[PDB]
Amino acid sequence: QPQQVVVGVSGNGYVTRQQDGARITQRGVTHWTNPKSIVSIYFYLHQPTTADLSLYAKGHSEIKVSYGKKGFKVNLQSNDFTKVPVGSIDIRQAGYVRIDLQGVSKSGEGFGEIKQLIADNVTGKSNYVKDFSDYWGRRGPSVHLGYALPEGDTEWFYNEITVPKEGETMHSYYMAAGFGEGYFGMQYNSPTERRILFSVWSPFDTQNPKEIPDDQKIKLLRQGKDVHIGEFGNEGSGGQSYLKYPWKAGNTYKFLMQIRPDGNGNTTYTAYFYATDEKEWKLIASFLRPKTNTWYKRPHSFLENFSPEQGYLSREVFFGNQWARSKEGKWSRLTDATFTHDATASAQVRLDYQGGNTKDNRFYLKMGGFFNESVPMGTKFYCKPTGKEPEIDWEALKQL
């Protein structure tokens, strides 16, 4: 039987053009002043269906509601929210449906306030952000790749990362060389700042790093030139370091990560970044983690959107030439990757999660942007064991 689908704007809407000219808040669209702004609302349908669209809206305005090339002229004329019919659409294939809103005329300060998109008489199942955090839902589903290590003890992991131009999106974390106790990667933080970030969690479970007993704090051993060192909390706690570095889309950067137990019940974590634009290795930091006795475990990568406002945009990254160096000093090319997704994907509130193979013997991750092909949890991907073995001037690195 056809059914009603109520899509909340706060979890499913985005300002997609002229971002200062409207806003998505906990009640949906507000502060809607600029006729050039576009608001887009996304929800997924499993099968072809018609739908009778309405908005739950208030205002004194004329707006334009669009599904592809089909537009509707819609007046708002209310001081309180009411159901405002728009018109009918024909969804010809499964996938994400995008509904756009644009202001045309207003009698007062703004074009109105839009709380919900309502689709009546819809056949089949749908997926979107409901009964779920609007913050996490709009951030969208992070995705990860885990690389299989050889037998024995690995000390170093090496990975190459390239963010293609089409995958370069502000407020993304492109995490290249993760491990059992932390992360090492690069961020696109603002128009003027990008960071190479390296973080290690304390073994002490707390949200406040100042709660950690002295003997369980992450300890700084080495600090690279121009690197900022601090602590973090609110996601567990530990030590962090970053270098401001203007990395470029389309360039291939290298991440080299050493994890070595000291035999005295600690483990050290040392992160190096190859600044391809300068043709030189940079030290980020070396940190000691107490109460830890491990070699390298769980080499992995991830792709994350950390801004809810950016959830309507995709981001994408390529990972190539993965190598492990054993504690005995032997390099091995890694070939086997396992794809996973985060809890937002698991909740099925966002379906725009993907990863796999490129056509040039790399792996990729892609999420956000409301695409239609997903990849399931645990999918395995493989690359051929080809690629240039790292040639590292070990001694030079030790002197950074």
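Position 1 is the first residue in the sequence shown; the rest follow in order.
Mean temperature factor over C-alpha atoms, higher-scoring stretch between 291-299 and 228-236 = If you average the C-alpha B-factors of 291-299 and of 228-236, the larger mean comes out for 228-236.
Between 80-88 and 172-180, which has the larger average Cα B-factor in the PDB entry?
-> Comparing averages over the C-alpha atoms only gives 80-88.
Highest recorded Cα temperature factor - choice among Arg139, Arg260, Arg315, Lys330 = Highest C-alpha B-factor among the listed options: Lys330.
If you check the C-alpha B-factor for each of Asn305, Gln102, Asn159, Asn75 in the entry, which is highest?
-> The listed residue with the largest C-alpha B-factor is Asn75.
Thinking about Cα B factors across the chain, which third does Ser326 belong to?
-> For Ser326, the deposited C-alpha B-factor lands in the middle third.
For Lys254, the third of its chain into which the C-alpha B factor falls | Tercile = lowest for this residue's CA B-factor.
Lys130 by Cα B-factor - lowest, middle or highest third of the modelled chain | Highest third - that is where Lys130 ends up once the chain's C-alpha B-factors are sorted.
Compared with the other modelled residues in the chain, in which third is the CA B-factor of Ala148?
-> Middle third of the chain for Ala148's C-alpha B-factor.
Looking at the entry's B-factor column for C-alpha atoms only, identify whether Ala57 ranks in the lowest, middle or highest third of its chain.
-> Middle third of the chain for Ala57's C-alpha B-factor.
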